[PDB]
Every structure is written in structure tokens, then in C-alpha cells.
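> One file: my_file18.tsv (TSV, C-alpha atoms).
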chain	number	residue	atom	x	y	z
A	1	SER	CA	61.34	157.78	82.90
A	2	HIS	CA	58.35	155.71	84.17
A	3	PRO	CA	59.10	152.56	86.22
A	4	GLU	CA	56.91	150.18	84.24
A	5	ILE	CA	58.84	151.05	81.08
A	6	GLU	CA	62.23	151.12	82.96
A	7	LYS	CA	61.48	147.55	84.24
A	8	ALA	CA	61.25	145.92	80.81
A	9	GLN	CA	63.83	148.24	79.18
A	10	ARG	CA	65.87	145.27	77.72
A	11	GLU	CA	62.65	143.86	76.09
A	12	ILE	CA	61.71	147.25	74.55
A	13	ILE	CA	65.38	147.60	73.37
A	14	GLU	CA	65.26	144.05	71.81
A	15	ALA	CA	61.93	144.82	70.03
A	16	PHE	CA	62.94	148.33	68.81
A	17	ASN	CA	66.32	147.12	67.45
A	18	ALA	CA	64.67	144.22	65.56
A	19	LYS	CA	61.85	146.44	64.24
A	20	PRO	CA	61.29	149.98	65.52
A	21	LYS	CA	57.51	149.75	64.99
A	22	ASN	CA	57.41	146.66	67.35
A	23	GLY	CA	59.35	148.51	70.08
A	24	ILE	CA	57.36	151.79	69.67
A	25	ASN	CA	54.10	149.82	69.86
A	26	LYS	CA	55.50	148.01	72.99
A	27	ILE	CA	56.18	151.50	74.55
A	28	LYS	CA	52.59	152.58	73.69
A	29	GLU	CA	51.38	149.15	75.10
A	30	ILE	CA	52.76	149.98	78.64
A	31	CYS	CA	51.62	153.64	78.32
A	32	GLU	CA	47.96	152.54	77.52
A	33	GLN	CA	48.10	149.88	80.31
A	34	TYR	CA	49.30	152.44	82.89
A	35	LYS	CA	47.25	155.43	81.64
A	36	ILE	CA	50.35	157.55	80.57
A	37	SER	CA	51.41	159.77	77.57
A	38	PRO	CA	53.57	158.06	74.86
A	39	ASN	CA	55.05	161.13	73.09
A	40	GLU	CA	56.69	162.42	76.30
A	41	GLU	CA	57.75	158.81	77.11
A	42	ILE	CA	59.07	157.63	73.72
A	43	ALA	CA	61.24	160.79	73.79
A	44	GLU	CA	62.56	159.72	77.27
A	45	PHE	CA	63.42	156.09	76.34
A	46	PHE	CA	65.19	157.38	73.18
A	47	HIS	CA	67.23	159.68	75.46
A	48	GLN	CA	67.85	157.08	78.26
A	49	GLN	CA	68.69	154.10	76.06
A	50	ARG	CA	70.88	156.08	73.61
A	51	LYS	CA	73.98	153.87	74.20
A	52	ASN	CA	71.67	150.82	73.55
A	53	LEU	CA	69.22	151.75	70.74
A	54	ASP	CA	69.58	151.69	66.94
A	55	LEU	CA	70.48	155.41	66.55
A	56	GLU	CA	69.79	155.21	62.77
A	57	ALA	CA	66.15	154.22	63.50
A	58	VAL	CA	65.78	156.76	66.40
A	59	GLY	CA	67.00	159.65	64.21
A	60	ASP	CA	64.67	158.23	61.54
A	61	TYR	CA	61.68	158.07	63.92
A	62	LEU	CA	62.24	161.67	65.14
A	63	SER	CA	62.76	163.17	61.61
A	64	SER	CA	59.54	161.71	60.17
A	65	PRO	CA	56.68	164.06	59.19
A	66	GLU	CA	53.95	161.95	60.82
A	67	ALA	CA	52.01	163.76	63.61
A	68	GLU	CA	52.92	161.30	66.42
A	69	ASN	CA	56.62	161.32	65.33
A	70	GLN	CA	56.59	165.17	65.04
A	71	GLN	CA	55.23	165.35	68.64
A	72	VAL	CA	57.77	162.81	70.03
A	73	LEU	CA	60.56	165.07	68.61
A	74	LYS	CA	59.05	168.32	70.12
A	75	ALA	CA	59.31	166.37	73.43
A	76	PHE	CA	62.81	164.93	72.68
A	77	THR	CA	64.30	168.38	71.81
A	78	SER	CA	62.51	170.10	74.74
A	79	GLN	CA	64.32	167.64	77.12
A	80	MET	CA	67.66	169.22	76.11
A	81	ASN	CA	69.47	172.06	77.94
A	82	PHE	CA	70.40	174.99	75.65
A	83	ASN	CA	70.24	177.52	78.52
A	84	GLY	CA	73.60	179.27	78.90
A	85	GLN	CA	74.93	177.49	75.76
A	86	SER	CA	76.36	179.53	72.86
A	87	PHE	CA	74.26	179.41	69.60
A	88	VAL	CA	77.19	177.57	67.97
A	89	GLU	CA	77.64	175.26	70.98
A	90	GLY	CA	73.93	174.61	71.58
A	91	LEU	CA	73.69	173.52	67.92
A	92	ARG	CA	77.11	171.68	68.17
A	93	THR	CA	75.55	169.52	70.91
A	94	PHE	CA	72.14	169.06	69.13
A	95	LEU	CA	73.50	167.60	65.85
A	96	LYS	CA	76.03	165.38	67.79
A	97	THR	CA	72.95	163.63	69.38
A	98	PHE	CA	71.81	161.87	66.15
A	99	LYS	CA	72.82	159.41	63.49
A	100	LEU	CA	71.82	162.21	61.08
A	101	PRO	CA	69.33	161.10	58.44
A	102	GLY	CA	70.76	161.18	54.92
A	103	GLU	CA	67.93	163.30	53.45
A	104	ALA	CA	67.35	167.05	53.34
A	105	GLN	CA	63.66	167.26	54.51
A	106	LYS	CA	64.42	164.87	57.44
A	107	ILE	CA	67.42	167.10	58.35
A	108	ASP	CA	65.29	170.28	58.04
A	109	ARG	CA	62.60	168.99	60.52
A	110	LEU	CA	65.52	168.40	62.89
A	111	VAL	CA	67.19	171.85	62.44
A	112	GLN	CA	63.68	173.43	62.76
A	113	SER	CA	63.21	171.63	66.19
A	114	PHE	CA	66.57	172.97	67.57
A	115	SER	CA	65.62	176.49	66.39
A	116	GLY	CA	62.34	176.39	68.38
A	117	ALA	CA	64.02	175.06	71.54
A	118	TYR	CA	67.18	177.31	71.48
A	119	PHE	CA	64.80	180.31	71.19
A	120	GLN	CA	62.52	178.99	74.01
A	121	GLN	CA	65.51	178.55	76.40
A	122	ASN	CA	67.26	181.79	75.19
A	123	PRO	CA	64.53	184.42	74.21
A	124	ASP	CA	67.14	187.24	74.45
A	125	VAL	CA	69.85	185.63	72.20
A	126	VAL	CA	67.64	185.53	68.98
A	127	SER	CA	64.63	187.83	68.33
A	128	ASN	CA	62.23	185.01	67.38
A	129	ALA	CA	62.08	181.26	66.42
A	130	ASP	CA	62.34	182.02	62.64
A	131	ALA	CA	65.57	184.00	63.38
A	132	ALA	CA	67.12	180.90	65.08
A	133	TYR	CA	66.32	178.69	62.02
A	134	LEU	CA	67.93	181.30	59.72
A	135	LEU	CA	71.06	181.53	61.88
A	136	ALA	CA	71.30	177.69	62.07
A	137	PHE	CA	71.01	177.22	58.30
A	138	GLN	CA	73.60	179.99	57.85
A	139	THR	CA	75.78	178.22	60.49
A	140	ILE	CA	75.43	174.84	58.74
A	141	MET	CA	76.20	176.47	55.31
A	142	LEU	CA	79.09	178.29	57.06
A	143	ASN	CA	80.37	174.93	58.39
A	144	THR	CA	80.76	173.74	54.78
A	145	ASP	CA	82.64	176.92	53.63
A	146	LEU	CA	84.99	177.15	56.61
A	147	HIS	CA	86.07	173.49	56.41
A	148	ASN	CA	85.98	172.63	52.64
A	149	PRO	CA	89.58	171.56	51.71
A	150	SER	CA	88.89	172.08	47.98
A	151	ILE	CA	87.81	175.80	48.25
A	152	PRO	CA	90.92	178.09	48.60
A	153	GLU	CA	91.26	180.10	51.88
A	154	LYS	CA	90.66	183.35	49.83
A	155	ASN	CA	87.16	182.16	48.75
A	156	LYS	CA	86.11	180.81	52.17
A	157	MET	CA	83.32	183.06	53.72
A	158	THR	CA	84.52	186.04	55.81
A	159	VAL	CA	83.23	187.38	59.16
A	160	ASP	CA	81.64	190.48	57.44
A	161	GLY	CA	80.41	188.05	54.74
A	162	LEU	CA	78.27	186.57	57.53
A	163	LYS	CA	76.94	189.99	58.80
A	164	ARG	CA	75.74	190.77	55.18
A	165	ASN	CA	73.49	187.65	54.69
A	166	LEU	CA	72.15	188.31	58.24
A	167	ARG	CA	71.12	192.00	57.60
A	168	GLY	CA	67.37	191.69	58.37
A	169	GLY	CA	67.56	188.15	59.79
A	170	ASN	CA	66.83	188.97	63.45
A	171	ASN	CA	62.98	189.33	63.03
A	172	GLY	CA	63.48	191.89	60.25
A	173	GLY	CA	66.68	193.25	61.82
A	174	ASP	CA	70.43	192.76	62.41
A	175	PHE	CA	72.05	190.42	65.02
A	176	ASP	CA	74.78	191.79	67.41
A	177	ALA	CA	78.17	192.21	65.58
A	178	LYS	CA	80.07	190.80	68.63
A	179	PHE	CA	77.73	187.72	68.75
A	180	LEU	CA	78.35	186.92	65.04
A	181	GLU	CA	82.13	187.27	65.60
A	182	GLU	CA	81.70	184.83	68.55
A	183	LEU	CA	79.56	182.67	66.17
A	184	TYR	CA	82.00	182.76	63.16
A	185	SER	CA	85.16	182.16	65.28
A	186	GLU	CA	83.67	179.29	67.41
A	187	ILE	CA	82.80	177.43	64.13
A	188	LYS	CA	86.10	178.50	62.50
A	189	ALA	CA	88.18	176.78	65.22
A	190	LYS	CA	85.95	173.65	65.46
A	191	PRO	CA	83.80	172.03	62.71
A	192	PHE	CA	80.47	170.31	63.57
A	193	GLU	CA	80.76	166.64	64.54
A	194	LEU	CA	78.27	165.28	61.93
A	195	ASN	CA	77.73	161.47	61.83
A	196	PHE	CA	75.36	160.45	59.02
A	197	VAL	CA	73.22	157.32	58.48
A	198	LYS	CA	75.09	154.65	56.42
A	199	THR	CA	72.23	153.81	53.96
A	200	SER	CA	68.90	155.77	54.10
A	201	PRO	CA	65.48	153.84	54.12
A	202	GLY	CA	64.05	152.19	50.97
A	203	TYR	CA	65.61	151.98	47.49
A	204	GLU	CA	68.78	153.98	46.84
A	205	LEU	CA	70.10	154.38	43.33
A	206	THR	CA	73.61	155.74	43.42
A	207	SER	CA	76.46	155.53	40.94
A	208	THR	CA	79.29	157.69	39.60
A	209	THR	CA	77.50	157.33	36.19
A	210	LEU	CA	73.79	157.70	37.30
A	211	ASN	CA	73.87	161.28	35.87
A	212	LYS	CA	74.30	159.44	32.49
A	213	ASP	CA	71.21	157.17	33.17
A	214	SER	CA	68.22	157.94	30.84
A	215	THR	CA	65.62	157.47	33.66
A	216	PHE	CA	67.65	159.82	35.97
A	217	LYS	CA	68.15	162.26	33.03
A	218	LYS	CA	64.32	162.21	32.42
A	219	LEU	CA	63.46	162.54	36.13
A	220	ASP	CA	65.70	165.68	36.35
A	221	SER	CA	63.99	167.34	33.36
A	222	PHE	CA	60.72	166.52	35.23
A	223	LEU	CA	61.73	168.59	38.29
A	224	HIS	CA	61.67	171.80	36.14
A	225	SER	CA	58.48	170.81	34.25
A	226	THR	CA	54.94	172.19	34.16
A	227	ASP	CA	51.82	169.93	33.66
A	228	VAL	CA	53.88	166.84	32.48
A	229	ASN	CA	52.82	163.26	33.28
A	230	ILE	CA	55.08	160.93	35.26
A	231	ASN	CA	54.48	157.91	32.92
A	232	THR	CA	56.81	159.82	30.48
A	233	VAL	CA	59.52	159.37	33.19
A	234	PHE	CA	58.32	155.94	34.49
A	235	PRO	CA	56.27	153.86	31.93
A	236	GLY	CA	56.24	150.84	34.32
A	237	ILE	CA	53.79	152.59	36.72
A	238	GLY	CA	50.13	153.25	35.84
A	239	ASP	CA	48.72	156.02	33.65
A	240	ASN	CA	46.53	157.02	36.65
A	241	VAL	CA	49.35	158.49	38.89
A	242	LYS	CA	49.20	162.13	40.20
A	243	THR	CA	52.42	164.06	41.15
A	244	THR	CA	53.34	166.86	43.58
A	245	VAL	CA	56.82	168.47	43.51
A	246	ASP	CA	58.65	170.25	46.41
A	247	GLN	CA	61.62	172.33	45.01
A	248	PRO	CA	64.68	172.99	47.31
A	249	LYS	CA	64.53	175.99	49.79
A	250	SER	CA	66.81	179.16	50.25
A	251	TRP	CA	69.90	176.82	50.44
A	252	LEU	CA	70.03	175.58	46.84
A	253	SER	CA	71.13	172.24	45.18
A	254	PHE	CA	74.67	173.73	45.21
A	255	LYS	CA	74.93	173.41	49.04
A	256	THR	CA	73.36	169.89	49.40
A	257	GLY	CA	72.99	168.39	45.96
A	258	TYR	CA	69.30	168.20	46.95
A	259	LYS	CA	67.37	168.83	43.77
A	260	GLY	CA	63.91	168.16	45.37
A	261	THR	CA	61.20	165.51	46.21
A	262	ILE	CA	58.50	164.07	43.83
A	263	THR	CA	55.41	162.46	45.44
A	264	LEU	CA	53.52	159.95	43.29
A	265	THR	CA	49.94	158.94	44.29
A	266	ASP	CA	47.65	156.42	42.53
A	267	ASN	CA	44.25	158.15	42.17
A	268	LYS	CA	42.40	154.81	42.28
A	269	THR	CA	44.43	152.79	44.86
A	270	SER	CA	45.94	155.60	47.03
A	271	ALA	CA	49.39	153.86	46.83
A	272	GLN	CA	51.98	156.54	47.49
A	273	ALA	CA	55.72	156.81	46.75
A	274	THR	CA	58.39	159.53	47.02
A	275	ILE	CA	61.46	160.09	44.76
A	276	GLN	CA	64.37	162.27	46.13
A	277	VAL	CA	67.13	163.71	43.81
A	278	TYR	CA	70.64	164.72	44.98
A	279	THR	CA	73.31	166.00	42.51
A	280	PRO	CA	76.85	166.64	43.85
A	281	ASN	CA	78.18	170.21	43.56
A	282	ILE	CA	81.61	171.85	44.57
A	283	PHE	CA	80.27	172.79	48.06
A	284	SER	CA	78.22	169.54	48.66
A	285	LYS	CA	80.75	166.94	47.19
A	286	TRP	CA	82.96	167.25	50.32
A	287	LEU	CA	80.22	166.68	52.94
A	288	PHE	CA	77.23	165.05	51.16
A	289	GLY	CA	78.68	162.40	48.80
A	290	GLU	CA	80.45	162.69	45.44
A	291	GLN	CA	77.92	160.53	43.47
A	292	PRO	CA	74.27	161.35	42.42
A	293	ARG	CA	71.55	159.67	44.48
A	294	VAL	CA	67.91	158.73	43.87
A	295	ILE	CA	65.96	157.59	46.97
A	296	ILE	CA	62.62	155.94	46.30
A	297	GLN	CA	60.40	155.36	49.42
A	298	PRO	CA	56.90	153.76	49.64
A	299	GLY	CA	54.01	155.40	51.53
A	300	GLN	CA	52.32	153.64	54.51
A	301	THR	CA	49.21	152.60	52.45
A	302	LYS	CA	48.68	149.27	50.54
A	303	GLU	CA	50.41	148.75	47.12
A	304	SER	CA	52.78	151.74	47.87
A	305	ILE	CA	55.52	149.08	47.96
A	306	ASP	CA	54.65	148.20	44.27
A	307	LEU	CA	54.54	151.85	43.02
A	308	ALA	CA	58.02	152.38	44.56
A	309	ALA	CA	59.24	149.08	43.02
A	310	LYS	CA	57.72	150.01	39.61
A	311	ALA	CA	59.50	153.43	39.62
A	312	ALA	CA	62.86	151.89	40.70
A	313	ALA	CA	62.56	149.00	38.15
A	314	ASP	CA	62.08	151.55	35.31
A	315	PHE	CA	65.60	152.93	36.09
A	316	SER	CA	68.36	151.43	33.90
A	317	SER	CA	70.99	151.57	36.72
A	318	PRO	CA	70.49	149.01	39.53
A	319	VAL	CA	69.31	149.88	43.08
A	320	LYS	CA	72.62	149.92	45.02
A	321	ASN	CA	70.91	149.86	48.40
A	322	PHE	CA	67.77	148.35	49.92
A	323	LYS	CA	66.72	149.34	53.53
A	324	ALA	CA	63.65	148.48	55.63
A	325	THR	CA	61.06	151.29	56.08
A	326	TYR	CA	59.12	151.75	59.34
A	327	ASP	CA	56.33	149.54	57.86
A	328	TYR	CA	58.23	147.45	55.25
A	329	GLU	CA	60.93	144.80	55.77
A	330	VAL	CA	64.03	144.77	53.51
A	331	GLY	CA	62.99	141.48	51.86
A	332	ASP	CA	59.45	142.57	50.79
A	333	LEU	CA	61.02	145.57	49.00
A	334	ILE	CA	63.54	143.21	47.34
A	335	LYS	CA	60.64	140.79	46.44
A	336	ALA	CA	58.67	143.62	44.71
A	337	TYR	CA	61.85	145.08	43.02
A	338	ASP	CA	63.21	141.78	41.49
A	339	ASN	CA	59.54	140.97	40.59
A	340	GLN	CA	59.08	144.30	38.66
A	341	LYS	CA	62.68	144.02	37.36
A	342	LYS	CA	61.72	140.58	35.92
A	343	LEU	CA	58.24	141.90	34.84
A	344	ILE	CA	59.40	145.20	33.20
A	345	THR	CA	62.32	143.20	31.55
A	346	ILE	CA	59.81	142.37	28.70
A	347	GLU	CA	59.00	144.56	25.57
Would you mind writing the file out in C-alpha cells?


Amino acid sequence: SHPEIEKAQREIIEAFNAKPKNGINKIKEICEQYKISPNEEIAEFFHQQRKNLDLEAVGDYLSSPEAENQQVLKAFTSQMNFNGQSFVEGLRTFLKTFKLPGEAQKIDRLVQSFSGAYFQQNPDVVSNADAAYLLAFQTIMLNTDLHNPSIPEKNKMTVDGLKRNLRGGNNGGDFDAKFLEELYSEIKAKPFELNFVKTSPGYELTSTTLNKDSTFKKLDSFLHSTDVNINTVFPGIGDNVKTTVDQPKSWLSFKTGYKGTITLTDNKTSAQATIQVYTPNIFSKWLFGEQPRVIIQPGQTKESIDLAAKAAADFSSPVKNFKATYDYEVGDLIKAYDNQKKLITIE
């Protein structure tokens, strides 16, 4: 906590709250001016001014894949005590710290950071860092099973049901039977205090009948497609648009709804946009929302805001929620959406 930053804390708080970018750049400003490291310092301000800062934005800054952001987090998470803490408790504390982003990849980056720190501070508890990430994802999946009011008590995961999934999890080995009993019981008696973001950044398409939507229907078929063009899904975007697809991990669409992320990139303009699909399932419905969601987000580059607007305008269903991105204000996204929704609303 450096004194030049501490002095104008209120100013940095006012800037960050208004627009995170402004505030971050105002932290960097003082850091440059006083020949000091921003990553280690952003992390500190975020910690210190927790009761003051926009926790939605903070969580959103820390969960972003950008190099600077990724470093800030390594520093944020390192500044946490996990020494002495139980795996269940250390994690119980970690998650409690954030206004949890409402998107799988963002959550993953977070869980991945805890894993690396819990293992650093407790090298004896888990065999390696990969083993901590496994245990955490099993713990988070366990948290759903043990507290789902729909699932009958007879179908809710057992203690030995845990030990089974974790045979070969401790760096190609088993974890201590008494530690998993202490894990399972700790999380049986108390569920994780998980506060999520209200509305996630960019365009969010969500309805109880979005599953019925032709564009949504098409986009889903696309996720299990080989060599297909995206203009078949979105004819409002250019012909010249390349796509990459990241399919969901070990924890399937059944335990999140998360059906994956499509990344669209204009091969002439370098405008980028990402589509995220979430379809409610028996396990997910209770924790992650009962209605399908489509989150469209523009890249940092020029015209990315149009690509995103073009994809969202092609949808029949309306965009239920608009939210400012780190580089784009709510209004500009509305401007481009209504514009393409007036443009595409022609033969």
C-alpha cells in the first residue's frame, strides 16, 4: 500500500467506479510517476478498497485473460493467507472475496489462481498445483450435489463417491481418506457463500423461450460442427469471418449449462467478438439460472463493437441486457445494436 496511491485513494475510487479503465490508468499514472510496479499495487488497492470499489468490475478485471490482468490476479491471490486453512475453508474464503463473474472461463481463471496459491502455502496438503485444481472443481461440483433441493437425498453424492473420482487425482495418486472425509463433511454442513454478478458485460440474450429461437437453435448446431461457416448462423456479419471454438472441460454442460465459447475474427479488419452459450440442466438450474443465455462480447480492437452488434442483431429474440465492457460504454453498444437492428430489419 504505497503512500502516493493511499493519498488520492478517494480520487482513484471515484475514477474506477465511473470507469474501471480510468481508475486503473490513474493507478498506473502514480506508479510510473513514482517508479513503482502496478500489478503488485493494483492488487493491493483492490484488496484495501474492497468496501469502496465496484466489486463487479474488480472481479471482472481479475478474471480477464489479458496478460496485465492475469498478473494483477497472481498478485491479488498471493496476498491471501491459506496457511493453516482447510482445503474447504481456504476455498470457502477465496470465493467469498468476489462478485463472481457470471461466465465459466472467467470463473475457471479464478479457481485456477486459488489452486496455485493453496498449493504454494500448503505443499504437503495436495501433491501438486494440478491436484488442487482437480480437488477444487470436485468441491465446487460437490457443492451443487450436496445442496440441490431438487435432487433426492438418495442421489446426492456420497463420501466414497468422492474417493472414487479422486483415485489418481493426487499427482497420479489417491488423497488421504481422512482428509476427504474432512472435505466432504465440512462442505456437507455448510454450502459455499457464492455471490454472482447481476448482469455480465456486453450483450446478454436470455429468455425462457430462447431455446426455441432459430438463431440460438442454429448457433447450438454450430458448436458440434466441423468446417461450417458462421454466416450460415449469422448472415448480418461479413462472409470474411473466421471462427475458433472452445468446447466445455471435464465438468460438462450438465453442471454449468456452459455449452462453450465461439470467437469470431474478421480476416480483413481484425474486429473480434465472442459468443458464449449456457443451457440449463437439472444440476445447473438451481445455481446457474433456469433460462438459456447467449453472451456476445466485443474484442478490444476497432469495429469489434459492430461485429458483436451484427451477431446480436441477427438473433430473433431481443438482447435482454446491455453492460459496458472495459473499453466500451453501455450507450455505444446500444447505438451499434439498435443501428444493426434497424439495418438488418430490411430484406

> Closest to residue 159 in chain A among A:19, A:74, A:293, A:178, using all atoms listed in the file?

A:178

> Skip range 294-300 of chain A itself and residues of its chain fewer than 3 positions away, then list as a ChimeraX atom specification all residues within 6 Å of it, counting only C-alpha atoms.

/A:202-205,272-277,304-305,308

> Give as number ranges by chain each residue that has an atom at most 12 Å from (72.9, 185.6, 70.8) in the file, counting all atoms listed in the file.

A: 82-90, 118-119, 121-128, 131-132, 135-136, 170, 174-183

> Excluding residue 114 in chain A and any residue of its chain fewer than 3 positions from it, enumerate the residues within 8 Å of it, using all atoms listed in the file, and give them as a ChimeraX atom specification.

/A:77,91,94,110-111,117-118,133

> I need the residue nearest residue 23 in chain A from this list: A:346, A:42, A:223, A:62. Use only C-alpha atoms for the distance.

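Ranked by minimum distance to residue 23 in chain A, first place goes to A:42.
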
> Of the candidates A:98, A:34, A:192, A:16, which shows the shortest atom-to-atom distance to residue 63 in chain A, using only C-alpha atoms?

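Ranked by minimum distance to residue 63 in chain A, first place goes to A:98.
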
> Point out the residue among A:67, A:95, A:197, A:140 with the least atom-to-atom distance to residue 251 in chain A, counting all atoms listed in the file.

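Between A:67, A:95, A:197, A:140, the residue approaching residue 251 in chain A most closely is A:140.
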
> Enter the distance from CA of residue 306 in chain A to CA of residue 289 in chain A, in Å, rounded to one decimal.

28.3 Å

> Nearest to residue 130 in chain A: which of A:253, A:165, A:105, A:171 is it, counting only C-alpha atoms?

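Smallest separation from residue 130 in chain A among the options: A:171.
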
> What does the structure give for the distance between CA of residue 286 in chain A and CA of residue 255 in chain A, in Å to one decimal?

10.2 Å

> Rounded to one decimal place, report the CA of residue 39 in chain A-CA of residue 71 in chain A distance in Å.

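Atom-to-atom, CA of residue 39 in chain A to CA of residue 71 in chain A, that is 6.1 Å.
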
> Name all residues at most 12 Å from residue 8 in chain A (count only C-alpha atoms; drop same-chain ones fewer than 3 positions away) and give them as a PyMOL selection string.

chain A and resi 2-5+11-15+23+26-27+29-30+45

> Between A:107, A:162, A:230, A:142, which has the minimum distance to residue 188 in chain A (counting all atoms listed in the file)?

A:142

> Considering only C-alpha atoms, return as a list in words whatever protein or nucleic-acid residues lie within 9 Å of residue 102 in chain A, sequence-local ones (same chain, fewer than 4 positions apart) excluded.

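Selected residues are residues 106, 107, 196, 197, 198, 199, 200 and 288 of chain A.
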
> How would the residues just chosen look if you wrote them out with C-alpha atoms as a short mmCIF file (atom, residue, chain, number, x, y, z; two decimals), in the frame of the given file?


data_model
loop_
_atom_site.label_atom_id
_atom_site.label_comp_id
_atom_site.auth_asym_id
_atom_site.auth_seq_id
_atom_site.Cartn_x
_atom_site.Cartn_y
_atom_site.Cartn_z
CA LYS A 106 64.42 164.87 57.44
CA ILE A 107 67.42 167.10 58.35
CA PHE A 196 75.36 160.45 59.02
CA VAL A 197 73.22 157.32 58.48
CA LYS A 198 75.09 154.65 56.42
CA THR A 199 72.23 153.81 53.96
CA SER A 200 68.90 155.77 54.10
CA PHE A 288 77.23 165.05 51.16
#

> Can you pull out the residues contacting range 155-157 of chain A? Cut-off 10 Å, using all atoms listed in the file, and skip same-chain residues under 5 positions away; I want them as a ChimeraX atom specification.

/A:141-149,162,184

> Could range 304-317 of chain A be completed with N, CA, C and O atoms and written as a PDB file, in the coordinates of the input, please?


ATOM      1  N   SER A 304      51.764 150.671  47.911  1.00  0.00           N
ATOM      2  CA  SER A 304      52.780 151.740  47.870  1.00  0.00           C
ATOM      3  C   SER A 304      54.138 151.113  47.585  1.00  0.00           C
ATOM      4  O   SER A 304      54.954 151.669  46.848  1.00  0.00           O
ATOM      5  N   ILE A 305      54.340 149.910  48.141  1.00  0.00           N
ATOM      6  CA  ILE A 305      55.520 149.080  47.960  1.00  0.00           C
ATOM      7  C   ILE A 305      55.699 148.690  46.465  1.00  0.00           C
ATOM      8  O   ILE A 305      56.832 148.701  45.981  1.00  0.00           O
ATOM      9  N   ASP A 306      54.586 148.484  45.720  1.00  0.00           N
ATOM     10  CA  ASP A 306      54.650 148.200  44.270  1.00  0.00           C
ATOM     11  C   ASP A 306      54.970 149.421  43.429  1.00  0.00           C
ATOM     12  O   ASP A 306      55.794 149.317  42.531  1.00  0.00           O
ATOM     13  N   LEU A 307      54.324 150.568  43.710  1.00  0.00           N
ATOM     14  CA  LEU A 307      54.540 151.850  43.020  1.00  0.00           C
ATOM     15  C   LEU A 307      56.023 152.210  43.063  1.00  0.00           C
ATOM     16  O   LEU A 307      56.620 152.501  42.028  1.00  0.00           O
ATOM     17  N   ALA A 308      56.613 152.134  44.268  1.00  0.00           N
ATOM     18  CA  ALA A 308      58.020 152.380  44.560  1.00  0.00           C
ATOM     19  C   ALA A 308      58.903 151.414  43.762  1.00  0.00           C
ATOM     20  O   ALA A 308      59.887 151.834  43.154  1.00  0.00           O
ATOM     21  N   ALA A 309      58.520 150.123  43.742  1.00  0.00           N
ATOM     22  CA  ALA A 309      59.240 149.080  43.020  1.00  0.00           C
ATOM     23  C   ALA A 309      59.163 149.334  41.524  1.00  0.00           C
ATOM     24  O   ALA A 309      60.182 149.216  40.846  1.00  0.00           O
ATOM     25  N   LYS A 310      57.967 149.714  41.017  1.00  0.00           N
ATOM     26  CA  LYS A 310      57.720 150.010  39.610  1.00  0.00           C
ATOM     27  C   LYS A 310      58.593 151.182  39.139  1.00  0.00           C
ATOM     28  O   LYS A 310      59.218 151.080  38.080  1.00  0.00           O
ATOM     29  N   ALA A 311      58.670 152.268  39.941  1.00  0.00           N
ATOM     30  CA  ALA A 311      59.500 153.430  39.620  1.00  0.00           C
ATOM     31  C   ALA A 311      60.978 153.048  39.595  1.00  0.00           C
ATOM     32  O   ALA A 311      61.654 153.345  38.615  1.00  0.00           O
ATOM     33  N   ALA A 312      61.464 152.335  40.623  1.00  0.00           N
ATOM     34  CA  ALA A 312      62.860 151.890  40.700  1.00  0.00           C
ATOM     35  C   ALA A 312      63.245 150.888  39.582  1.00  0.00           C
ATOM     36  O   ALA A 312      64.383 150.922  39.088  1.00  0.00           O
ATOM     37  N   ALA A 313      62.306 150.001  39.191  1.00  0.00           N
ATOM     38  CA  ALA A 313      62.560 149.000  38.150  1.00  0.00           C
ATOM     39  C   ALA A 313      62.726 149.668  36.800  1.00  0.00           C
ATOM     40  O   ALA A 313      63.575 149.233  36.032  1.00  0.00           O
ATOM     41  N   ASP A 314      61.980 150.764  36.545  1.00  0.00           N
ATOM     42  CA  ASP A 314      62.080 151.550  35.310  1.00  0.00           C
ATOM     43  C   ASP A 314      63.463 152.139  35.084  1.00  0.00           C
ATOM     44  O   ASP A 314      63.831 152.336  33.934  1.00  0.00           O
ATOM     45  N   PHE A 315      64.225 152.412  36.154  1.00  0.00           N
ATOM     46  CA  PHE A 315      65.600 152.930  36.090  1.00  0.00           C
ATOM     47  C   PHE A 315      66.488 151.923  35.390  1.00  0.00           C
ATOM     48  O   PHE A 315      66.296 150.726  35.608  1.00  0.00           O
ATOM     49  N   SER A 316      67.453 152.373  34.561  1.00  0.00           N
ATOM     50  CA  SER A 316      68.360 151.430  33.900  1.00  0.00           C
ATOM     51  C   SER A 316      69.380 150.906  34.928  1.00  0.00           C
ATOM     52  O   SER A 316      69.500 149.691  35.117  1.00  0.00           O
ATOM     53  N   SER A 317      70.033 151.837  35.652  1.00  0.00           N
ATOM     54  CA  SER A 317      70.990 151.570  36.720  1.00  0.00           C
ATOM     55  C   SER A 317      70.336 150.688  37.788  1.00  0.00           C
ATOM     56  O   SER A 317      69.110 150.741  37.974  1.00  0.00           O
TER      57      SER A 317
END
